[PDB]
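Novice: I'm passing along target-v7.txt; it holds compact mmCIF, N, CA and C atoms.
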# COMPACT_ATOMS: atom_id res chain seq x y z
N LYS A 8 -113.20 -23.67 56.79
CA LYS A 8 -113.81 -24.95 56.46
C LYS A 8 -114.20 -25.01 54.99
N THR A 9 -113.36 -24.44 54.14
CA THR A 9 -113.58 -24.46 52.70
C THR A 9 -112.54 -25.34 52.03
N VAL A 10 -111.31 -25.27 52.54
CA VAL A 10 -110.20 -26.01 51.98
C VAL A 10 -110.24 -27.47 52.42
N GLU A 11 -110.94 -27.72 53.53
CA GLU A 11 -110.98 -29.06 54.12
C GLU A 11 -111.48 -30.13 53.14
N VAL A 12 -112.17 -29.68 52.09
CA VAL A 12 -112.62 -30.60 51.05
C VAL A 12 -111.42 -31.16 50.30
N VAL A 13 -110.51 -30.28 49.92
CA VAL A 13 -109.27 -30.67 49.25
C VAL A 13 -108.51 -31.65 50.13
N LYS A 14 -108.30 -31.27 51.38
CA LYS A 14 -107.63 -32.14 52.34
C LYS A 14 -108.27 -33.52 52.39
N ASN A 15 -109.57 -33.56 52.68
CA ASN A 15 -110.28 -34.82 52.75
C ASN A 15 -110.12 -35.63 51.46
N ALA A 16 -110.17 -34.93 50.32
CA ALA A 16 -110.05 -35.57 49.01
C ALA A 16 -108.63 -36.08 48.79
N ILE A 17 -107.66 -35.31 49.25
CA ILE A 17 -106.26 -35.69 49.15
C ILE A 17 -106.10 -37.06 49.81
N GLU A 18 -106.67 -37.21 51.00
CA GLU A 18 -106.55 -38.46 51.75
C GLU A 18 -107.35 -39.57 51.09
N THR A 19 -108.48 -39.20 50.50
CA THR A 19 -109.27 -40.16 49.74
C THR A 19 -108.40 -40.74 48.62
N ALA A 20 -107.73 -39.85 47.89
CA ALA A 20 -106.90 -40.24 46.76
C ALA A 20 -105.73 -41.12 47.20
N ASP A 21 -105.22 -40.88 48.40
CA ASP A 21 -104.12 -41.68 48.93
C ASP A 21 -104.56 -43.13 49.01
N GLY A 22 -105.51 -43.41 49.90
CA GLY A 22 -106.07 -44.73 50.05
C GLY A 22 -106.55 -45.32 48.73
N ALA A 23 -106.80 -44.46 47.74
CA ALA A 23 -107.15 -44.93 46.40
C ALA A 23 -105.99 -45.72 45.82
N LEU A 24 -104.85 -45.05 45.64
CA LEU A 24 -103.62 -45.71 45.21
C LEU A 24 -103.46 -47.03 45.93
N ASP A 25 -103.43 -46.95 47.26
CA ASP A 25 -103.25 -48.13 48.09
C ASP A 25 -104.08 -49.32 47.63
N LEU A 26 -105.41 -49.18 47.67
CA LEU A 26 -106.28 -50.24 47.18
C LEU A 26 -105.91 -50.61 45.75
N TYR A 27 -105.58 -49.59 44.95
CA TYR A 27 -105.23 -49.80 43.55
C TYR A 27 -104.12 -50.84 43.40
N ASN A 28 -102.97 -50.53 43.98
CA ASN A 28 -101.84 -51.45 43.99
C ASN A 28 -102.20 -52.75 44.68
N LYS A 29 -102.66 -52.66 45.94
CA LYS A 29 -103.07 -53.84 46.72
C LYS A 29 -103.74 -54.88 45.83
N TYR A 30 -104.66 -54.42 44.99
CA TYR A 30 -105.35 -55.29 44.05
C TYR A 30 -104.47 -55.59 42.84
N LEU A 31 -103.86 -54.55 42.29
CA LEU A 31 -102.98 -54.69 41.14
C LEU A 31 -101.93 -55.78 41.37
N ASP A 32 -101.46 -55.88 42.61
CA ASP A 32 -100.51 -56.90 43.00
C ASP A 32 -101.16 -58.27 43.02
N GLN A 33 -102.31 -58.37 43.68
CA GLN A 33 -103.06 -59.62 43.69
C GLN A 33 -103.30 -60.08 42.25
N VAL A 34 -103.39 -59.11 41.35
CA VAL A 34 -103.69 -59.36 39.95
C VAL A 34 -102.45 -59.71 39.14
N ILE A 35 -101.35 -59.04 39.44
CA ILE A 35 -100.08 -59.27 38.74
C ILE A 35 -99.01 -59.68 39.74
N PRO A 36 -98.80 -61.00 39.89
CA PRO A 36 -97.92 -61.58 40.90
C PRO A 36 -96.44 -61.32 40.64
N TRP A 37 -96.06 -60.05 40.57
CA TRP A 37 -94.66 -59.71 40.33
C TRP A 37 -93.81 -60.25 41.48
N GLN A 38 -94.38 -60.22 42.68
CA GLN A 38 -93.72 -60.78 43.84
C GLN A 38 -93.32 -62.21 43.54
N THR A 39 -94.32 -63.03 43.24
CA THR A 39 -94.12 -64.44 42.94
C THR A 39 -93.19 -64.64 41.74
N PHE A 40 -93.37 -63.83 40.70
CA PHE A 40 -92.52 -63.90 39.51
C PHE A 40 -91.07 -63.60 39.85
N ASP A 41 -90.84 -62.44 40.45
CA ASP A 41 -89.50 -62.05 40.86
C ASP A 41 -88.88 -63.12 41.76
N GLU A 42 -89.55 -63.47 42.86
CA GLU A 42 -89.07 -64.52 43.76
C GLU A 42 -88.66 -65.76 42.98
N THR A 43 -89.55 -66.19 42.10
CA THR A 43 -89.32 -67.39 41.31
C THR A 43 -88.05 -67.26 40.47
N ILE A 44 -87.79 -66.05 39.97
CA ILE A 44 -86.59 -65.78 39.19
C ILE A 44 -85.34 -65.94 40.04
N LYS A 45 -85.33 -65.29 41.21
CA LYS A 45 -84.18 -65.35 42.10
C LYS A 45 -83.78 -66.77 42.43
N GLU A 46 -84.67 -67.51 43.08
CA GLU A 46 -84.31 -68.85 43.54
C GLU A 46 -83.69 -69.73 42.44
N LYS B 8 -118.07 -32.69 51.95
CA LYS B 8 -118.67 -33.94 52.39
C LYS B 8 -119.43 -34.61 51.25
N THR B 9 -118.87 -34.52 50.05
CA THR B 9 -119.45 -35.15 48.87
C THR B 9 -118.57 -36.30 48.41
N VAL B 10 -117.26 -36.09 48.49
CA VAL B 10 -116.28 -37.08 48.07
C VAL B 10 -116.13 -38.19 49.10
N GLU B 11 -116.48 -37.88 50.35
CA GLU B 11 -116.31 -38.83 51.45
C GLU B 11 -117.01 -40.16 51.20
N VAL B 12 -117.96 -40.18 50.26
CA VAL B 12 -118.60 -41.43 49.89
C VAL B 12 -117.61 -42.34 49.18
N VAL B 13 -116.88 -41.78 48.22
CA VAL B 13 -115.84 -42.51 47.52
C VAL B 13 -114.82 -43.06 48.50
N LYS B 14 -114.29 -42.18 49.35
CA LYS B 14 -113.36 -42.58 50.40
C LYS B 14 -113.90 -43.75 51.21
N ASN B 15 -115.07 -43.57 51.82
CA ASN B 15 -115.66 -44.64 52.61
C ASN B 15 -115.80 -45.93 51.81
N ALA B 16 -116.16 -45.80 50.54
CA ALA B 16 -116.34 -46.95 49.66
C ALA B 16 -115.01 -47.60 49.32
N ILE B 17 -114.00 -46.77 49.12
CA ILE B 17 -112.66 -47.26 48.84
C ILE B 17 -112.27 -48.21 49.97
N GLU B 18 -112.48 -47.77 51.21
CA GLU B 18 -112.12 -48.57 52.38
C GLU B 18 -112.99 -49.80 52.50
N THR B 19 -114.25 -49.67 52.12
CA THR B 19 -115.16 -50.81 52.08
C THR B 19 -114.58 -51.87 51.16
N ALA B 20 -114.17 -51.43 49.97
CA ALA B 20 -113.63 -52.31 48.95
C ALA B 20 -112.34 -53.00 49.41
N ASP B 21 -111.55 -52.30 50.21
CA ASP B 21 -110.30 -52.85 50.73
C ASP B 21 -110.61 -54.09 51.55
N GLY B 22 -111.27 -53.89 52.69
CA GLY B 22 -111.71 -54.99 53.53
C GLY B 22 -112.50 -56.05 52.78
N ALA B 23 -113.06 -55.69 51.62
CA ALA B 23 -113.72 -56.67 50.76
C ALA B 23 -112.70 -57.71 50.30
N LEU B 24 -111.67 -57.26 49.57
CA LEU B 24 -110.57 -58.13 49.16
C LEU B 24 -110.14 -59.03 50.31
N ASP B 25 -109.78 -58.38 51.42
CA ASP B 25 -109.31 -59.08 52.61
C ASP B 25 -110.17 -60.30 52.96
N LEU B 26 -111.43 -60.06 53.28
CA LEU B 26 -112.35 -61.16 53.54
C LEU B 26 -112.33 -62.13 52.36
N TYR B 27 -112.25 -61.59 51.15
CA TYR B 27 -112.29 -62.40 49.94
C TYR B 27 -111.21 -63.47 49.98
N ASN B 28 -109.97 -63.01 50.05
CA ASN B 28 -108.83 -63.91 50.16
C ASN B 28 -108.94 -64.77 51.41
N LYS B 29 -109.08 -64.12 52.57
CA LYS B 29 -109.23 -64.82 53.84
C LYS B 29 -110.05 -66.10 53.67
N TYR B 30 -111.15 -65.99 52.94
CA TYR B 30 -112.01 -67.13 52.67
C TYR B 30 -111.42 -67.99 51.56
N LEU B 31 -111.00 -67.33 50.48
CA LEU B 31 -110.45 -68.01 49.32
C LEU B 31 -109.33 -68.96 49.74
N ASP B 32 -108.56 -68.54 50.75
CA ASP B 32 -107.48 -69.36 51.30
C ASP B 32 -108.03 -70.54 52.08
N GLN B 33 -108.98 -70.27 52.98
CA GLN B 33 -109.67 -71.34 53.70
C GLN B 33 -110.24 -72.35 52.71
N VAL B 34 -110.59 -71.86 51.53
CA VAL B 34 -111.20 -72.67 50.49
C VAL B 34 -110.18 -73.42 49.64
N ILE B 35 -109.07 -72.75 49.35
CA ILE B 35 -108.00 -73.34 48.54
C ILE B 35 -106.70 -73.34 49.33
N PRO B 36 -106.38 -74.47 49.97
CA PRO B 36 -105.25 -74.62 50.89
C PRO B 36 -103.90 -74.59 50.18
N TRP B 37 -103.61 -73.51 49.47
CA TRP B 37 -102.33 -73.39 48.80
C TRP B 37 -101.21 -73.42 49.82
N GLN B 38 -101.47 -72.83 50.98
CA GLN B 38 -100.52 -72.87 52.08
C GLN B 38 -100.15 -74.31 52.34
N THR B 39 -101.15 -75.11 52.67
CA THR B 39 -100.95 -76.53 52.98
C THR B 39 -100.34 -77.29 51.80
N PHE B 40 -100.81 -77.00 50.59
CA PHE B 40 -100.26 -77.63 49.39
C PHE B 40 -98.79 -77.31 49.19
N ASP B 41 -98.47 -76.02 49.15
CA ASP B 41 -97.09 -75.57 49.01
C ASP B 41 -96.22 -76.20 50.10
N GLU B 42 -96.62 -76.02 51.36
CA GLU B 42 -95.89 -76.61 52.48
C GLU B 42 -95.62 -78.09 52.24
N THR B 43 -96.67 -78.81 51.88
CA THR B 43 -96.58 -80.25 51.67
C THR B 43 -95.55 -80.56 50.58
N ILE B 44 -95.50 -79.71 49.55
CA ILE B 44 -94.53 -79.88 48.47
C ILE B 44 -93.10 -79.72 48.97
N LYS B 45 -92.85 -78.63 49.69
CA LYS B 45 -91.52 -78.37 50.22
C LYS B 45 -90.97 -79.53 51.04
N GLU B 46 -91.64 -79.87 52.13
CA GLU B 46 -91.10 -80.88 53.03
C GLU B 46 -90.72 -82.18 52.32
N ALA C 150 -69.48 -86.28 42.64
CA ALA C 150 -70.47 -85.77 43.58
C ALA C 150 -71.24 -84.62 42.94
N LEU C 151 -70.48 -83.61 42.52
CA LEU C 151 -71.04 -82.45 41.85
C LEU C 151 -72.02 -82.85 40.77
N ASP C 152 -71.52 -83.58 39.78
CA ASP C 152 -72.36 -84.06 38.69
C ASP C 152 -73.57 -84.81 39.21
N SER C 153 -73.33 -85.84 40.02
CA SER C 153 -74.42 -86.60 40.63
C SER C 153 -75.54 -85.68 41.12
N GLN C 154 -75.17 -84.65 41.88
CA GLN C 154 -76.16 -83.76 42.50
C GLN C 154 -76.75 -82.76 41.52
N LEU C 155 -75.89 -82.00 40.85
CA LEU C 155 -76.34 -81.05 39.84
C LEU C 155 -77.36 -81.68 38.89
N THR C 156 -77.25 -82.98 38.67
CA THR C 156 -78.21 -83.67 37.83
C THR C 156 -79.52 -83.84 38.58
N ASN C 157 -79.45 -84.42 39.77
CA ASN C 157 -80.64 -84.58 40.61
C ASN C 157 -81.28 -83.24 40.96
N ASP C 158 -80.44 -82.27 41.28
CA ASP C 158 -80.91 -80.97 41.74
C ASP C 158 -81.59 -80.18 40.61
N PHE C 159 -81.18 -80.45 39.38
CA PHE C 159 -81.72 -79.74 38.23
C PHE C 159 -83.15 -80.14 37.96
N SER C 160 -83.42 -81.43 38.06
CA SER C 160 -84.78 -81.92 37.88
C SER C 160 -85.66 -81.39 39.01
N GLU C 161 -85.04 -81.06 40.14
CA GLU C 161 -85.78 -80.55 41.28
C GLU C 161 -86.21 -79.10 41.08
N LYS C 162 -85.41 -78.35 40.34
CA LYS C 162 -85.80 -76.99 39.99
C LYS C 162 -86.83 -77.00 38.86
N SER C 163 -86.64 -77.89 37.89
CA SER C 163 -87.59 -78.01 36.80
C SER C 163 -88.97 -78.35 37.34
N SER C 164 -89.01 -79.04 38.48
CA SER C 164 -90.26 -79.34 39.15
C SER C 164 -90.77 -78.09 39.86
N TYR C 165 -89.85 -77.37 40.50
CA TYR C 165 -90.19 -76.14 41.21
C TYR C 165 -90.67 -75.06 40.26
N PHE C 166 -90.15 -75.08 39.04
CA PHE C 166 -90.60 -74.13 38.03
C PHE C 166 -92.11 -74.24 37.80
N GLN C 167 -92.56 -75.34 37.21
CA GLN C 167 -93.97 -75.50 36.90
C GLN C 167 -94.83 -75.37 38.15
N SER C 168 -94.36 -75.92 39.27
CA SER C 168 -95.09 -75.81 40.52
C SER C 168 -95.20 -74.36 40.95
N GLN C 169 -94.30 -73.54 40.41
CA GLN C 169 -94.27 -72.14 40.76
C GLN C 169 -95.07 -71.28 39.78
N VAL C 170 -94.90 -71.51 38.47
CA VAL C 170 -95.70 -70.78 37.47
C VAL C 170 -97.19 -71.02 37.73
N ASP C 171 -97.51 -72.21 38.21
CA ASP C 171 -98.85 -72.51 38.67
C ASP C 171 -99.24 -71.51 39.74
N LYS C 172 -98.44 -71.41 40.80
CA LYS C 172 -98.74 -70.44 41.85
C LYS C 172 -99.05 -69.08 41.23
N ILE C 173 -98.42 -68.77 40.11
CA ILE C 173 -98.62 -67.48 39.47
C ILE C 173 -100.01 -67.31 38.83
N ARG C 174 -100.48 -68.34 38.13
CA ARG C 174 -101.83 -68.34 37.58
C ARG C 174 -102.83 -68.27 38.72
N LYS C 175 -102.75 -69.23 39.64
CA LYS C 175 -103.66 -69.31 40.77
C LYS C 175 -103.76 -68.00 41.52
N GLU C 176 -102.67 -67.25 41.58
CA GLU C 176 -102.69 -65.97 42.27
C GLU C 176 -103.35 -64.89 41.43
N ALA C 177 -103.10 -64.94 40.13
CA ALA C 177 -103.57 -63.89 39.22
C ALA C 177 -105.04 -64.04 38.85
N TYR C 178 -105.48 -65.27 38.62
CA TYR C 178 -106.86 -65.50 38.22
C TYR C 178 -107.82 -65.45 39.41
N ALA C 179 -107.35 -65.89 40.57
CA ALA C 179 -108.12 -65.66 41.79
C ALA C 179 -108.32 -64.15 41.97
N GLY C 180 -107.43 -63.37 41.35
CA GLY C 180 -107.49 -61.92 41.39
C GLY C 180 -108.45 -61.33 40.36
N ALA C 181 -108.29 -61.71 39.10
CA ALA C 181 -109.22 -61.26 38.06
C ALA C 181 -110.61 -61.70 38.45
N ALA C 182 -110.76 -63.01 38.65
CA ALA C 182 -112.02 -63.57 39.10
C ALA C 182 -112.70 -62.69 40.16
N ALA C 183 -111.90 -62.00 40.96
CA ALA C 183 -112.43 -61.15 42.04
C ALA C 183 -113.20 -59.94 41.53
N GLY C 184 -113.23 -59.77 40.21
CA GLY C 184 -113.94 -58.67 39.59
C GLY C 184 -115.45 -58.87 39.52
N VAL C 185 -115.91 -60.07 39.87
CA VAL C 185 -117.34 -60.37 39.91
C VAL C 185 -118.13 -59.31 40.70
N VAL C 186 -117.48 -58.68 41.67
CA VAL C 186 -118.12 -57.65 42.48
C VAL C 186 -118.52 -56.44 41.65
N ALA C 187 -117.56 -55.79 41.01
CA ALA C 187 -117.88 -54.74 40.06
C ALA C 187 -118.26 -55.36 38.71
N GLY C 188 -118.81 -54.55 37.81
CA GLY C 188 -119.43 -55.05 36.58
C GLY C 188 -118.60 -56.01 35.75
N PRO C 189 -119.26 -56.83 34.92
CA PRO C 189 -118.54 -57.78 34.06
C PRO C 189 -117.58 -57.07 33.11
N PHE C 190 -117.92 -55.84 32.69
CA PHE C 190 -117.00 -55.03 31.91
C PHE C 190 -115.74 -54.79 32.73
N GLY C 191 -115.89 -54.88 34.04
CA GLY C 191 -114.77 -54.81 34.95
C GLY C 191 -113.86 -56.01 34.77
N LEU C 192 -114.45 -57.17 34.49
CA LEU C 192 -113.65 -58.37 34.24
C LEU C 192 -112.77 -58.19 33.01
N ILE C 193 -113.35 -57.72 31.91
CA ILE C 193 -112.57 -57.42 30.72
C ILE C 193 -111.32 -56.62 31.09
N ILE C 194 -111.52 -55.51 31.80
CA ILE C 194 -110.39 -54.69 32.27
C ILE C 194 -109.44 -55.50 33.17
N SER C 195 -110.00 -56.14 34.19
CA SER C 195 -109.24 -56.89 35.18
C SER C 195 -108.45 -58.04 34.56
N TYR C 196 -109.17 -58.89 33.86
CA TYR C 196 -108.62 -60.07 33.24
C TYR C 196 -107.61 -59.72 32.13
N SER C 197 -107.87 -58.65 31.38
CA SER C 197 -106.88 -58.16 30.42
C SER C 197 -105.61 -57.74 31.14
N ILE C 198 -105.78 -56.96 32.21
CA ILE C 198 -104.67 -56.56 33.05
C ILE C 198 -103.88 -57.78 33.52
N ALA C 199 -104.59 -58.86 33.85
CA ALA C 199 -103.95 -60.04 34.42
C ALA C 199 -103.44 -61.02 33.38
N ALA C 200 -104.33 -61.89 32.90
CA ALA C 200 -103.96 -62.90 31.91
C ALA C 200 -103.07 -62.30 30.82
Could you render the structure from this file as structure tokens?

Specialist:
Amino acid sequence: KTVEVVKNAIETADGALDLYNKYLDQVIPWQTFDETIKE
Amino acid sequence: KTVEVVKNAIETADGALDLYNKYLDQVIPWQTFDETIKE
Amino acid sequence: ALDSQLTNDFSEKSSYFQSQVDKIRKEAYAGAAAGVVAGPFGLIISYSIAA
């Protein structure tokens, strides 16, 4: 039960990215931009 | 069990956005506006 | 026919353009604006990232 900190942190960092992008996308509408380009 | 605060908060922040938009949409009917434009 | 339509259809995309770039602002600033939760210095970061 010493390494479990790293593990728990690893998973913390994962969901970090997730929220990061999730917001980054809301912030930078590349979806909307790209889509708009295609059509 | 020190980093778990960040993790828990990360997830708190996630559902924050969610409710945020969820309401923001109820508030700004872009769905209805866009739809209305298309038809 | 082609000309007739391509003319009408072109003005329809030119309308879709601005109506769409709008969607882009509305999506991005509703996003930066969302920085009110974390500090106003967060807005500088957020809004710079966005606008």

Novice: If I take atom N of residue 41 of chain B and atom C of residue 172 of chain C, how far is one from the other in Å, to one decimal?

Specialist: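 About the pair atom N of residue 41 of chain B and atom C of residue 172 of chain C: they are 10.5 Å apart.
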
Novice: Could you please select, counting only C-alpha atoms, the residues of chain B within 9 Å of chain C and state them as a list in words?

Specialist: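 Residues of chain B within 9 Å of chain C, counting only C-alpha atoms: residues 24, 27, 28, 31, 37, 41 and 44 of chain B.
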
Novice: Quick one: chain B onto chain A, least squares on all Cα paired in order, result as a tab-separated table (two decimals) with N, CA and C atoms, keeping the file's coordinate frame?

Specialist:
chain	number	residue	atom	x	y	z
B	8	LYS	N	-113.18	-23.66	56.77
B	8	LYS	CA	-113.79	-24.94	56.46
B	8	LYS	C	-114.21	-25.01	54.99
B	9	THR	N	-113.38	-24.44	54.13
B	9	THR	CA	-113.61	-24.46	52.69
B	9	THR	C	-112.57	-25.34	52.01
B	10	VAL	N	-111.34	-25.26	52.50
B	10	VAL	CA	-110.22	-26.02	51.95
B	10	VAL	C	-110.26	-27.47	52.40
B	11	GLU	N	-110.93	-27.71	53.53
B	11	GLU	CA	-110.97	-29.05	54.11
B	11	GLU	C	-111.51	-30.11	53.15
B	12	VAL	N	-112.19	-29.67	52.09
B	12	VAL	CA	-112.64	-30.60	51.07
B	12	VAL	C	-111.45	-31.16	50.31
B	13	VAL	N	-110.55	-30.28	49.90
B	13	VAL	CA	-109.32	-30.68	49.23
B	13	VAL	C	-108.54	-31.66	50.10
B	14	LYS	N	-108.29	-31.26	51.35
B	14	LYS	CA	-107.63	-32.12	52.31
B	14	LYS	C	-108.27	-33.50	52.38
B	15	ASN	N	-109.57	-33.54	52.69
B	15	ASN	CA	-110.26	-34.82	52.77
B	15	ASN	C	-110.12	-35.62	51.48
B	16	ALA	N	-110.17	-34.94	50.35
B	16	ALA	CA	-110.05	-35.58	49.04
B	16	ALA	C	-108.64	-36.09	48.80
B	17	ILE	N	-107.67	-35.30	49.23
B	17	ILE	CA	-106.27	-35.69	49.11
B	17	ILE	C	-106.11	-37.06	49.78
B	18	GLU	N	-106.65	-37.19	50.99
B	18	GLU	CA	-106.54	-38.44	51.75
B	18	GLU	C	-107.33	-39.55	51.10
B	19	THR	N	-108.47	-39.20	50.52
B	19	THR	CA	-109.26	-40.16	49.77
B	19	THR	C	-108.41	-40.75	48.65
B	20	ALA	N	-107.75	-39.86	47.91
B	20	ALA	CA	-106.92	-40.23	46.78
B	20	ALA	C	-105.74	-41.12	47.20
B	21	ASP	N	-105.22	-40.88	48.39
B	21	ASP	CA	-104.10	-41.66	48.92
B	21	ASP	C	-104.53	-43.12	49.02
B	22	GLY	N	-105.46	-43.40	49.93
B	22	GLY	CA	-106.02	-44.73	50.07
B	22	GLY	C	-106.53	-45.32	48.77
B	23	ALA	N	-106.81	-44.46	47.78
B	23	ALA	CA	-107.18	-44.94	46.44
B	23	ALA	C	-106.02	-45.72	45.85
B	24	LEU	N	-104.87	-45.06	45.67
B	24	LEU	CA	-103.65	-45.72	45.21
B	24	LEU	C	-103.46	-47.05	45.92
B	25	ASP	N	-103.42	-46.96	47.25
B	25	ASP	CA	-103.22	-48.13	48.10
B	25	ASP	C	-104.06	-49.34	47.66
B	26	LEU	N	-105.37	-49.20	47.73
B	26	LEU	CA	-106.26	-50.25	47.25
B	26	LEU	C	-105.89	-50.61	45.82
B	27	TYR	N	-105.55	-49.61	45.02
B	27	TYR	CA	-105.24	-49.81	43.61
B	27	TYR	C	-104.13	-50.84	43.45
B	28	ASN	N	-102.98	-50.52	44.02
B	28	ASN	CA	-101.85	-51.44	44.01
B	28	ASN	C	-102.21	-52.75	44.69
B	29	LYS	N	-102.67	-52.66	45.94
B	29	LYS	CA	-103.08	-53.84	46.70
B	29	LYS	C	-103.75	-54.87	45.80
B	30	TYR	N	-104.64	-54.40	44.94
B	30	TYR	CA	-105.34	-55.26	44.00
B	30	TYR	C	-104.44	-55.58	42.81
B	31	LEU	N	-103.81	-54.54	42.27
B	31	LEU	CA	-102.95	-54.68	41.10
B	31	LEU	C	-101.91	-55.78	41.33
B	32	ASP	N	-101.44	-55.88	42.58
B	32	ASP	CA	-100.48	-56.91	42.97
B	32	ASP	C	-101.13	-58.28	43.00
B	33	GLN	N	-102.29	-58.38	43.66
B	33	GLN	CA	-103.06	-59.62	43.65
B	33	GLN	C	-103.31	-60.07	42.22
B	34	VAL	N	-103.39	-59.10	41.32
B	34	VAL	CA	-103.67	-59.34	39.92
B	34	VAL	C	-102.43	-59.70	39.11
B	35	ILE	N	-101.33	-59.03	39.42
B	35	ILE	CA	-100.06	-59.26	38.73
B	35	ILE	C	-98.99	-59.67	39.74
B	36	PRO	N	-98.77	-60.98	39.88
B	36	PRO	CA	-97.89	-61.58	40.90
B	36	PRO	C	-96.41	-61.31	40.63
B	37	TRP	N	-96.03	-60.05	40.55
B	37	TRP	CA	-94.63	-59.71	40.34
B	37	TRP	C	-93.80	-60.24	41.49
B	38	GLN	N	-94.37	-60.20	42.68
B	38	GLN	CA	-93.72	-60.76	43.86
B	38	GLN	C	-93.33	-62.19	43.55
B	39	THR	N	-94.33	-63.00	43.24
B	39	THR	CA	-94.13	-64.42	42.95
B	39	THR	C	-93.20	-64.63	41.75
B	40	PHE	N	-93.37	-63.82	40.71
B	40	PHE	CA	-92.51	-63.89	39.53
B	40	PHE	C	-91.06	-63.59	39.86
B	41	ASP	N	-90.82	-62.43	40.46
B	41	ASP	CA	-89.48	-62.04	40.88
B	41	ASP	C	-88.86	-63.12	41.77
B	42	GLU	N	-89.57	-63.49	42.84
B	42	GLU	CA	-89.10	-64.54	43.73
B	42	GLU	C	-88.69	-65.78	42.95
B	43	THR	N	-89.57	-66.22	42.07
B	43	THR	CA	-89.34	-67.43	41.29
B	43	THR	C	-88.06	-67.29	40.46
B	44	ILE	N	-87.81	-66.08	39.95
B	44	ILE	CA	-86.60	-65.81	39.18
B	44	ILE	C	-85.35	-65.96	40.04
B	45	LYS	N	-85.35	-65.30	41.20
B	45	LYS	CA	-84.21	-65.37	42.10
B	45	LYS	C	-83.81	-66.80	42.44
B	46	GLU	N	-84.70	-67.54	43.08
B	46	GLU	CA	-84.34	-68.87	43.55
B	46	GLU	C	-83.71	-69.75	42.47

Novice: Please identify all residues of chain A having at least one atom at most 8 Å from any atom of chain B, considering all atoms listed in the file, and return them as a VMD selection string.

Specialist: chain A and resid 11 to 12 15 to 16 18 to 20 22 to 23 25 to 26 30

Novice: Name all residues at most 12 Å from residue 162 of chain C (count only C-alpha atoms; drop same-chain ones fewer than 5 positions away) and give them as a list in words.

Specialist: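 Near neighbours after the sequence-gap exclusion: residues 43, 44, 45 and 46 of chain A; 45 of chain B; 155, 156, 157, 167, 168, 169 and 170 of chain C.
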
Novice: Can you work out the spacing between atom CA of residue 150 of chain C and atom CA of residue 166 of chain C in Å, to one decimal?

Specialist: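 Computed distance, atom CA of residue 150 of chain C to atom CA of residue 166 of chain C, equals 23.9 Å.
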
Novice: Between atom C of residue 32 of chain B and atom N of residue 177 of chain C, what distance in Å does the model show, to one decimal?

Specialist: 14.1 Å

Novice: Skipping near chain neighbours, those fewer than 2 positions away, what residues fall within 12 Å of residue 197 of chain C using only C-alpha atoms, listed as a list in words?

Specialist: residues 31, 34 and 35 of chain A; 177, 178, 180, 181, 182, 184, 190, 191, 192, 193, 194, 195, 199 and 200 of chain C

Novice: Select from chain B everything DSSP, run on the backbone, classes as helix (DSSP H, G or I), then give the selection as a count of residues only.

Specialist: 33
